[PDB]
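J.: All I have is the shape, not the residue letters:
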Ligand SMILES: *[C@@H]1O[C@H](CO[C@@H]2O[C@@H](C)[C@@H](O)[C@@H](O)[C@@H]2O)[C@@H](O[C@@H]2O[C@H](CO)[C@@H](O[C@@H]3O[C@H](CO)[C@@H](O)[C@H](O)[C@@H]3O)[C@H](O)[C@H]2NC(C)=O)[C@H](O)[C@H]1NC(C)=O
Ligand SMILES: *[C@@H]1O[C@H](CO)[C@@H](O[C@@H]2O[C@H](CO)[C@@H](O)[C@H](O)[C@H]2NC(C)=O)[C@H](O)[C@H]1NC(C)=O
Ligand SMILES: *[C@@H]1O[C@H](CO)[C@@H](O)[C@H](O)[C@H]1NC(C)=O
Ligand SMILES: *[C@@H]1O[C@H](CO)[C@@H](O)[C@H](O)[C@H]1NC(C)=O
Ligand SMILES: *[C@@H]1O[C@H](CO)[C@@H](O)[C@H](O)[C@H]1NC(C)=O
Ligand SMILES: *[C@@H]1O[C@H](CO)[C@@H](O)[C@H](O)[C@H]1NC(C)=O
Ligand SMILES: *[C@@H]1O[C@H](CO)[C@@H](O)[C@H](O)[C@H]1NC(C)=O
């Protein structure tokens, strides 16, 4: 007569769920009473719950309420089962499979622990993405939908784009659980460069029984400025350089939205000019875009001949319209007319006489006006007004020079020089006193 | 009798290499029978004996003389019998029985009562490396005002000895860092989530956040970084003042001052006008700004006053909520009257088309109004007034030309050049005829 308990074992069940205890025996003769018993809470004696008579597979319940227990003996498979239908906390006891020959008791037992049902909680949903702004760079993306801290594990995470349910490229890692029996699910939606850089409305919808309405997170992305074609602007040569240095410098300003170094190439009449292709580092701007500038110097004769100079940067517009600098048709040029006058008439004094040079009837409007006292260039007192357009289609301007009366009444020569595109040199107009 | 029970609804699980501690409790009150530990070898159905205790003795008598991997212990006081396996192997996965009998050997000792269980031996999970992901709300310059929550996720790693830490601008941050309890999937891989809550102020500032994840499967810590610039939505509106145009002052005889407020928030901007510091009633007005090519929004408010009030020297100030406190670049006042210079006019002929020139010089400030009249009729065609240019003398000067057909110049008409300036109470005239 011995009641063993394997105290290094236990059976755990959630409150309300059924328990299925089972014992295997090695007897080859069905000649003994088989019993299922349990030790009630607060005592130390094994109260009998049910038994089978030797040779009979019919359970003989003696205690409890016939409905809470379900027994089953099968001498073929050598099994004796006892099931508790709806586990309660009071069921947490020691349970024994017993064998005896008359009501010499040999029993083998274990313990039963009854855990509570975890409190149902609602999932916290978080939708995350890489930088989803306008300045978003080119590349593939991975949208993330995290749902944490919920019970039970019957959560559904779905993806939508522009109202349409998306199924491809949706990967959800295996379900997860912490020490507090709260679950965590992670869904990911992988997006190609094309779709990611377009304006779209992504949505993650999470459905859970603790929620009457699904939790919907939204990400509304505008079209990416990284797919905008680089803008090229041309800077024509300055007349100042054309008359002074007699070089001609053309400029090419390329504005991208990618900070990558920009490589510029120059073509003359379609053919690339050797030794002129050059790469420069762009410069960040106000809107976030980057801008670089390339310069190309040519001879004055080549520029005035009518050569078409084209600027090309990789991935630009095919129309060479806003990318080409060429001198205008020669029959459209108008030579500037110069008209000088003097205003601001013992004299002596610190009086100032002002000389005016009217430059009119020229095309295009780029003009260079300078003043010279004999054979010396003047910088002080010179005021060249901006060029204004004519109803005749040409342009006109005025240039003033304030000189002390000491130099005008002495008898110096005052020259107004005008350099223009339609001139092979500089057109002079002299003005002396007497 | 004689029965070998096994509670088949129970089992014991151990990781390979770790020790196993089996234990049985008995209800016998006399230490008068042999207690033994046995196990069923893999591939049979008979209980092979492993060790036994003589009745009354707590000293183990192992069946093989040497307890190598096994270590037994009986204590009849507490009625306990324990058996420990040092490093569980896969062959240790068997059925184990604590047995009681009154006589050993002799085949069928008809007093064999045994209680048994099973033992499962699991392998150590393969160590994997954590995938680290740092996430945040929109972290651009135009990021909206509000509190933020940065997230550092580390998934798919083993074992669970991972460390997630946060840094701001190189300084380790500890406050407001919350990590939910560690988590585990069916493949015994762990997942940890750390969160850093940030107040509106700190989030809207330029900062360098960092999440550092350390794990034994990593030779070098994984560091994720998020560099946010200062937000332009907390930028104070910039106010620019527009003084009245002399054109309006001479024609309409009012004086309209302008206030251009530039924010980065599209909210309607409320303007208030003060005269000599005191607010002018009826002038507070809120209007909706207009976005420009920069992301900012800009609005303009106008205030009309009498010419006498403006020219007297009253200081007019423009105020917008949450703007600069210094009223210097927010105030419009006419300059001291002794700094004004009246414009000097000099007419000439330079030119069929004859062109007349009117040189207006030595005036301050530079706002000037030039008009032409043929006797008593204002001219609009052929008039060209050049922009005002500064003098080394400190004043300003400009030219206005008029191209007229030779018929009117050679006929003998009066050609008047009118000039209105701030230093003039009317219009200064200069006539030029042929004769
Ligand atoms: C130049 O500015 C003066 C100053 O007037 C002030 O600014 C104006 C833009 C308006 O907002 C005015 O309300 C404000 O006071 C203007 O003088 C104003 O002229 C009008 C029209 O003549 C006057 O209204 C009339 O006034 C008389 C007498 O007060 C009443 O009988 C009429 O029923 C009617 O209200 C107004 O009073 C007067 N403001 C004064 C004197 O302070 C002036 O019109 C303006 N110039 C132009 C060309 O607009
Ligand atoms: C950005 O939001 C913060 C947080 O709301 C604002 O700071 C304070 O916010 C409280 C509560 O909403 C308000 O009552 C206070 O007026 C705010 N005070 C200060 C001193 O900031 C903050 O003002 C907001 N910033 C902008 C530019 O709107
Ligand atoms: C966009 O980025 C992907 C890599 O993510 C690359 O394959 C693709 O070529 C990029 N697009 C362009 C136009 O360079
Ligand atoms: C023009 O440009 C060339 C090439 O840079 C330079 O060597 C030369 O001095 C310049 N000469 C004139 C006349 O412009
Ligand atoms: C040049 O710019 C104008 C105006 O922006 C545009 O109409 C024209 O198509 C452009 N030419 C090109 C891109 O070749
Ligand atoms: C006013 O504006 C000027 C513009 O350059 C600036 O330099 C100056 O500091 C401003 N003064 C203020 C805000 O008091
Ligand atoms: C021009 O006006 C003046 C007065 O300013 C007058 O004496 C003269 O006769 C006028 N000439 C003509 C042609 O009307």
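T.: Sure thing, it's come through. Residues are numbered from 1 along each chain as shown, chains lettered A, B, ... in the order given. Ligands and ions are numbered 1, 2, ... in the order given.

J.: measure residue A:191 to residue A:132 for me?
T.: In this view, residue A:191 and residue A:132 are 11 Å apart by CB to CB, to the nearest Å. Every residue, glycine included, has its C-beta placed from N, CA and C.

J.: Repeat that for residue A:165.
T.: Distance from residue A:165 to residue A:132, by CB to CB: 21 Å.

J.: which of the two has more neighbours?
T.: Remark: of residue A:165 and residue A:132, residue A:132 carries more neighbours, 20 against 11, as counted by other CB atoms under 10 Å in any protein chain shown.

J.: Now residue A:302: which helix or strand?
T.: Taking DSSP states H and E as the criterion, residue A:302 maps to helix A:300-305.

J.: partners of the next helix or strand after that helix, with directions?
T.: Downstream of helix A:300-305, the next assigned helix or strand under DSSP H and E is strand A:309-312. Paired with strand A:309-312 in the same sheet, following DSSP bridges, are strand A:262-268 (antiparallel), strand A:324-325 (antiparallel).

J.: Report the contact partners of the residue nearest to the spatial centre of chain A.
T.: Central residue of chain A (CA atoms, centre = their mean): residue A:131, 2.9 Å from the mean position. Shown in contact with residue A:131 (CB atoms under 8 Å, 6 or more residues apart in numbering or on different chains): A:137, B:138-140.

J.: Please apply the same query to residue A:197.
T.: Residue A:197 neighbours (CB under 8 Å, 6+ apart): A:136, A:138, A:223-224, A:226-227.

J.: cool, residue A:170 as well?
T.: Contacts of residue A:170 by CB under 8 Å, 6+ apart are A:159, A:187-189.

J.: Can you name the two of these that sit furthest apart?
T.: A:159 and A:188 (9.5 Å; CB to CB).

J.: Which of those two has more residues huddled nearby?
T.: Neighbour totals were compared for residue A:159 and residue A:188, and residue A:159 leads with 20 against 17 (other CB under 10 Å).

J.: That one reaches residue A:200, doesn't it?
T.: No - counting by CB atoms under 8 Å, residue A:159 does not reach residue A:200; the two are 11.7 Å apart.

J.: follow-up on the earlier one: most neighbours, which of the contacts of residue A:197?
T.: Most surrounded of the contacts of residue A:197: other CB under 10 Å gives residue A:136, at 22 neighbours.

J.: Now that residue. Its backbone dihedrals?
T.: Main-chain torsions, residue A:136, degrees, to the nearest 10: phi -60, psi 130.

J.: try residue A:91
T.: Per degrees, to the nearest 10, the backbone of residue A:91 is at phi -70, psi -10.

J.: burial count for it?
T.: Neighbour tally, residue A:91, other CB under 10 Å: 18.

J.: Would you enumerate the residues in contact with it?
T.: A:19, A:84, A:112, A:114.

J.: Burial check on the nearest residue to the second one once chain neighbours are set aside, number of neighbours?
T.: In other words, residue A:84. Closest residue to residue A:84 apart from its sequence neighbours, by CB to CB, 6 or more residues apart in numbering or on different chains: residue A:19 at 4.2 Å. Around residue A:19 there are 20 other residues, counting by other CB under 10 Å.

J.: so residue A:19 touches residue A:112, yeah?
T.: Yes - taking CB under 8 Å as the definition, residue A:19 is a contact partner of residue A:112 at 6.6 Å.

J.: Quickly list what's touching both of the two.
T.: Common contact partners of residue A:19 and residue A:112 (CB under 8 Å, 6+ apart): A:11, A:13, A:91.

J.: For the first one, which non-adjacent residue is closest in space?
T.: Going back to what we said before, that points to residue A:11. residue A:112 (5.2 Å).

J.: Please identify the helix or strand for the one you found.
T.: Residue A:112 belongs to strand A:106-115, assigned by DSSP H and E.

J.: who are the neighbours of that strand, in terms of helices and strands?
T.: In terms of contacts (3 or more CB pairs under 8 Å, 6 or more residues apart in numbering or on different chains; DSSP states H and E), strand A:106-115 is packed against strand A:2-14, strand A:19-24, strand A:94-100, strand B:3-7, strand B:113-122.

J.: Tell me how many other residues surround the nearest residue to residue A:433 once chain neighbours are set aside.
T.: Distance criterion CB to CB, 6+ apart; nearest residue to residue A:433, sequence neighbours excluded, is residue A:411 at 5.4 Å. Neighbourhood size, residue A:411 [other CB under 10 Å]: 9.

J.: OK, contacts around residue A:411?
T.: A:432-434.

J.: Who wins on neighbours among those?
T.: Of these, with other CB under 10 Å as the count, residue A:433 tops at 13 neighbours.

J.: surely it meets residue A:407?
T.: No - applying CB under 8 Å, one finds residue A:433 not in contact with residue A:407, separated by 9.7 Å.

J.: can you pull the contacts of the nearest residue to residue A:341 once chain neighbours are set aside?
T.: Nearest in space to residue A:341, with sequence neighbours left out and distances taken as CB to CB, 6+ apart, is residue A:356 at 5.0 Å. The neighbours of residue A:356, taking CB under 8 Å, 6+ apart as the test, are A:340-343, A:398-401, B:348, B:350, B:357, B:359, B:399.

J.: mind running it again at 7 Å?
T.: A:340-341, A:343, A:398, A:400 (CB atoms under 7 Å, 6 or more residues apart in numbering or on different chains).

J.: which of these lies closest to ligand 1?
T.: Nearest to ligand 1 out of these is residue A:398 (CB to the nearest ligand atom; 34.1 Å).

J.: ok, residue A:311 - how many residues close by?
T.: 25.

J.: Please name the nearest non-neighbouring residue to it.
T.: Nearest to residue A:311 is residue A:252, by CB to CB, 6+ apart, at 3.7 Å.

J.: Does residue A:430 touch residue A:375 like I think?
T.: No - counting by CB atoms under 7 Å, residue A:430 does not reach residue A:375; the two are 11.7 Å apart.

J.: what does chain A have sitting close to ligand 5?
T.: A:317, A:319, A:321-322 (CB under 6 Å from any ligand atom).

J.: repeat that for 8 Å
T.: A:317-323 (CB under 8 Å from any ligand atom).

J.: Put together TSV for those residues, with neighbour count and distance to chain B on each row.
T.: As requested, the residues of chain A next to ligand 5 are exported to TSV (neighbours: other CB atoms under 10 Å in any protein chain shown; distance: CB to the nearest CB, whole Å):
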residue	neighbour count	distance to chain B
A:317	12	20
A:318	7	26
A:319	8	23
A:320	15	26
A:321	8	23
A:322	12	19
A:323	20	22
